[PDB]
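Participant: just to be clear, this is only the beginning of the complex, oriented as in the whole thing:
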Amino acid sequence: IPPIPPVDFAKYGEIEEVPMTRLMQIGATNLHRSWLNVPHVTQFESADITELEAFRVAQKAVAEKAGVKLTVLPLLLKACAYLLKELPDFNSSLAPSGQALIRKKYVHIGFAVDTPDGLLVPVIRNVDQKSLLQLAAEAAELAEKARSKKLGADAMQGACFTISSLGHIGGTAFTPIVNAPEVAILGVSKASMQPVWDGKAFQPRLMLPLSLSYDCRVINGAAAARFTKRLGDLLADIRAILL
C-alpha cells in the first residue's frame, strides 16, 4: 500500500510527541488488518424500544435486589443470541481456504469496553444459555476487570459477534469495523423520542439506532437487512424470544 509522505509538523507550529500504549498499537494493527481484509457494508435500522424501556425500568427493584444494574446491553445480548441461532451465517467465519464457512454451534458475544489504555472486548460465553440478570452481572464484572487491567487474555477470545454500544455518550449512528475473523458487529447509538406514523397520526416512540457492519463476502445485502429487521422486531417485543 503506498505510504503516507512524512510531514515536518514542527514547520507549522509547536508540537509535542506522546507515545502509544502497547494496547493502542495492538488495536491499531488489528483494525487496519480488518479494514484491508474485509469489504465492509453498514446496514442501518432503528428499533422501537418503548416497551423494552418500560420493562427495564420496572425491573429496577429485582435487578437491585440481585446486585446488578439492568441496562440495555443484557437485552441486546439475549436478542442477538437468539438471532445468531436463527440466522447461522452470522455466527460463522470464513475458512482460511476462502472456499468454506466454518459455522459455529456455540454463541459467545464480545462487547466493546473503552478503557484508558485502549479498547478491550471481553467475551461472554454461551450468551444463549444465560438469563437477563446473569448476563447483567457478567457484563458488569468483565467491564470492571477490563478497566482495572485484571482481564486475563482468555476472556478476549473466541467470540462469534461483537456489540459496540455508544448510546451512553451520544450519536445518531456510526459505521463500526468488523473484528475479523468474525463476520459482523452491531453498533448501538443513543435512543431518542421520534414521531412514528400509526397509520393515522404521529405517535412518539422511543427509537434505538442500530448499525450493523458486515463482511459482504459472506453476508449479502438482503441477509443483512433481514437480520436488522428481525432484531428490530425482537426488541420491539422481547417476548418473541420465548416461543
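Facilitator: Now that the structure is in, tell me what you want to look at. Numbers count the residues shown, from 1 in each chain, chains lettered A, B, ... in the order given.
Participant: what are the phi and psi angles of the most centrally placed residue in chain A?
Facilitator: Residue closest to the average C-alpha location in chain A (CA atoms, centre = their mean): residue A:163, at 1.2 Å. Dihedral angles of residue A:163 (phi, psi; degrees, to the nearest 10) stand at phi -110, psi 130.
Participant: surely it meets residue A:179?
Facilitator: No. Shown here, residue A:163 and residue A:179 do not form a contact pair, counting by CB atoms under 8 Å, at 11.1 Å. C-beta: built from backbone N, CA, C; applies to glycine.
Participant: common neighbours of the two, please.
Facilitator: With contacts defined as CB atoms under 8 Å, 6 or more residues apart in numbering, the residues shared by residue A:163 and residue A:179 are A:110, A:185.
Participant: and stretch A:232-243, how far out from the chain middle?
Facilitator: How far stretch A:232-243 lies from its chain's middle: 18 Å, per CA atoms, centre = their mean, to the nearest Å.
Participant: show the end-to-end separation of it, please.
Facilitator: 17 Å (CA to CA, to the nearest Å).
Participant: cool, and stretch A:154-173?
Facilitator: Start-to-end span of stretch A:154-173 (CA to CA) is 31 Å.
Participant: what residues of stretch A:115-130 count as buried?
Facilitator: Residues of stretch A:115-130 classed as buried by neighbour count (16 or more other CB atoms under 10 Å): A:118, A:119, A:120, A:121, A:122, A:123, A:124, A:125, A:127, A:128, A:130.
Participant: build in chain B:
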Amino acid sequence: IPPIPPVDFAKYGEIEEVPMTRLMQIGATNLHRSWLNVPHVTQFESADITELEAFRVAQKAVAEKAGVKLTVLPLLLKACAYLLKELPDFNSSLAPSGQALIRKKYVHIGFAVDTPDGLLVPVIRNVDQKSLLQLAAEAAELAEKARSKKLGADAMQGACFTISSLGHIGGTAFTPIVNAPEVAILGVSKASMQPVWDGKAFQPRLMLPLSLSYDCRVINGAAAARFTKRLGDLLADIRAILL
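Facilitator: With chain B added, the chains above now look like this:
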C-alpha cells in the same frame, strides 16, 4: 495486505464446515477487488415519493392488463437513466491509464437480485429508450432467469451503473460497494411516513431513503450531492423527465 491469523474455532465449541458456491466465491473476490481499488464515500438523501406512489398504485389496472407488476424499480431505472445523461461523469469508467475517463454514450443499468446461490446483477440495456411497463417486464424476466440459473453471462455485462434495492426487506440506509469499473451504485431502502415541514406545520410525506456510494477519484463530494438532490427532485415529480 497482512493476513488474518488462523483461529482453531473448535477450541471454543462445536463447529461445522459448509462450503461456498462458486457463485459466492466469484462474488467475494469481486467485492474485495472493488473495496481495495475504489476509495468509497456514501452520500445519503431521501426523496418524497408520495405522489409517485399514488401514480404507481393507480396504474395497477394498466400494469395488470399488460401482465407486468409496476413496482418502484422501473421508476428508479427511468429516473437514473435520465440523470445519467444529464450528469455524464456518473456514466463513465476510469481508463486503465488512470489519466482519462471513458464516458459511455449508452445507458445500461444493472440491478441486484439476491438468489440462493449468491447475488446476481442482470443488466437492462438502453434503459433510456424503454418505457415504464417495458422496463417492468424486462426486470421481471431477468430476475426470474437469475433465480432459475437460466441467466446467460451475456446479460451480466457492460452495465454503467447499479441499483440495489432492499426496500422490500427493510432498513433505514446502507453503504453499498461500487461494482468497479462502474463509478457509482444507488442503494434504496424502505419507505416510511415521515413528518416534513411545510413552512408552517409537519405534514406526513412518504419518504424513500437513497444511499449513493461513489468512486471519489472520479466523482467529488459536491457532484454526488447534486446527483442525489436531482434524483430526489425527479422522483418527487416524475413529469420533469418529460421536458
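Participant: quickly find the element holding residue A:35.
Facilitator: helix A:22-37 (DSSP states H and E).
Participant: helix, strand, or coil at the residue of chain A found nearest chain B?
Facilitator: Of all residues in chain A, residue A:106 sits closest to chain B, with a separation of 3.0 Å (CB to the nearest CB). For residue A:106, the secondary structure call by DSSP: H, G, I helix; E, B strand; the rest coil comes out as coil.
Participant: could you find the closest non-adjacent residue to it?
Facilitator: Using CB to CB, 6 or more residues apart in numbering or on different chains and skipping residues adjacent in sequence, the residue nearest residue A:106 is residue B:13, 3.0 Å away.
Participant: repeat that for residue A:33.
Facilitator: The nearest residue in space to residue A:33 (CB to CB, 6+ apart) is residue B:2, at 5.0 Å.
Participant: so what's that neighbour up against?
Facilitator: Going by CB atoms under 8 Å, 6 or more residues apart in numbering or on different chains, residue B:2 touches A:29, A:32, A:33, A:36.
Participant: now render the residues you listed as a markdown table, adding distance to residue B:73.
Facilitator: Below are those laid out as a markdown table (distance: CB to CB, whole Å):
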| residue | distance to residue B:73 |
| --- | --- |
| A:29 | 43 |
| A:32 | 38 |
| A:33 | 38 |
| A:36 | 34 |
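Participant: can you select the buried ones from these in PyMOL?
Facilitator: Of these, the buried ones go into a single PyMOL selection, burial set by 16 or more other CB atoms under 10 Å in any protein chain shown:
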select buried, chain A and resi 33+36
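Participant: chain C follows; place it on the structure:
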Amino acid sequence: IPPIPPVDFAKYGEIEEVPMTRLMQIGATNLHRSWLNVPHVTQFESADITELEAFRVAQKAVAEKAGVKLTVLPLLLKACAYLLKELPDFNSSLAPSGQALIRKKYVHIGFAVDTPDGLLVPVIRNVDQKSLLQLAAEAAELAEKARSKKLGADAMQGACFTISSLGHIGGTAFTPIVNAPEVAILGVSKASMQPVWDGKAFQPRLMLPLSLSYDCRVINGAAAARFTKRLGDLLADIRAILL
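Facilitator: Same chains as before, plus chain C:
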C-alpha cells in the same frame, strides 16, 4: 492489490475519452492512499442550530458593513477550533514509527472548496485566534483564489483537521475520507426543520447533520461520539465558547 480487469467499453456502445486534469489525478492518488492507510469509521450526529441561525441572520447588517458574508462555516470553524483544543487527540497525527502521536499545539483548519479543475482544501491558520468576521473574510478570499487558480501551494499545507460542507447543495449525511496525515474530517450536510421532543410535544428545531469520519487507530469510538456530542452542544449555544 489485485487490479480491476480491463473491459472493452466500446463493445456495448459508443464511448468517448475525456482526460483528467493533473489536479484530479493528484486528488485521486491522495484519496486512494488515505483509503488504504486509514481504517475509517464515520460517527453521525445532528446539532440544533435554531438559535445559531437566528444570530447569523441578525448580524447580516454588521457582516455587510464589514464586507464579508457571515455563513455557517466561520461558526463551524470557531467551534471546532475550541474543541480541537479541548480534545487534543483530534489535533494530532500518527508518527511514522506507528508508536507515537505528534500532538500539534497549533490549530490550522482546512475546508473543502470544489472548483472546475478539482477539489482544493485551503488552510486557515490559527483559527483559534481569529474572530467570526475575520474567519469569514479569510474563508471568502481563499475560496476565490482557489477558484481562480491563484492559490499558492503554501496555503494548502499544514492543516490539523478538515471541514467539508455540502449543506449548500443537499444531502442528509455522507461518509468523508480522512485526509491523512490528519486524523479526522467533519462532513456537514443540509439543515432542515425536524420535530424534536421537548419532554411533552414535538417542537420544530432546525437540525444540522454532522458526519465525523476518523482514523480509528488513533481515535476510538467513544472519543469520537464525545467529540460530535460536544460539537452539537457548542453549536446549540455558541456562547459556551466564551467561558
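Participant: again for the buried residues of stretch A:115-130, chain C present now?
Facilitator: Along stretch A:115-130, these residues count as buried under the neighbour rule (16+ other CB under 10 Å): A:115, A:118, A:119, A:120, A:121, A:122, A:123, A:124, A:125, A:127, A:128, A:130.
Participant: out of these, which touch chain B?
Facilitator: Filtering the buried residues of stretch A:115-130 for neighbours of chain B using CB under 8 Å from any CB of the partner chain leaves residue A:125.
Participant: please name the nearest non-neighbouring residue to residue A:184.
Facilitator: Excluding the flanking residues, the one nearest residue A:184 by CB to CB, 6+ apart is residue A:214, at 4.2 Å.
Participant: closest to chain C out of the buried residues of stretch A:115-130?
Facilitator: Using CB to the nearest CB, those come closest to chain C at residue A:119, 5.1 Å.
Participant: what helices or strands is the strand or helix carrying that closest one leaning on?
Facilitator: Per DSSP H and E, residue A:119 falls inside strand A:118-120. Applying 3 or more CB pairs under 8 Å, 6 or more residues apart in numbering or on different chains; DSSP states H and E, we find strand A:118-120 packed against helix A:22-37, strand A:113-115.
Participant: okay, now the sheet partners of the last one, with direction.
Facilitator: So the one you mean is strand A:113-115. Using DSSP bridges, the strands paired with strand A:113-115 are strand A:118-120 (antiparallel).
Participant: and the next element down the chain from the strand it pairs with?
Facilitator: Next along from strand A:118-120, by DSSP H and E: strand A:123-124.
Participant: for that next one, which outside residues touch it?
Facilitator: A:77, A:108-111, A:130, A:135, A:138-139, A:142, A:155-159.
Participant: filter the residues you listed to the buried ones?
Facilitator: In terms of neighbour count (16+ other CB under 10 Å), the buried residues within the contacts of strand A:123-124 are A:77, A:108-111, A:130, A:135, A:138-139, A:142, A:155, A:157-159.
Participant: fine, thanks again, bye for now.
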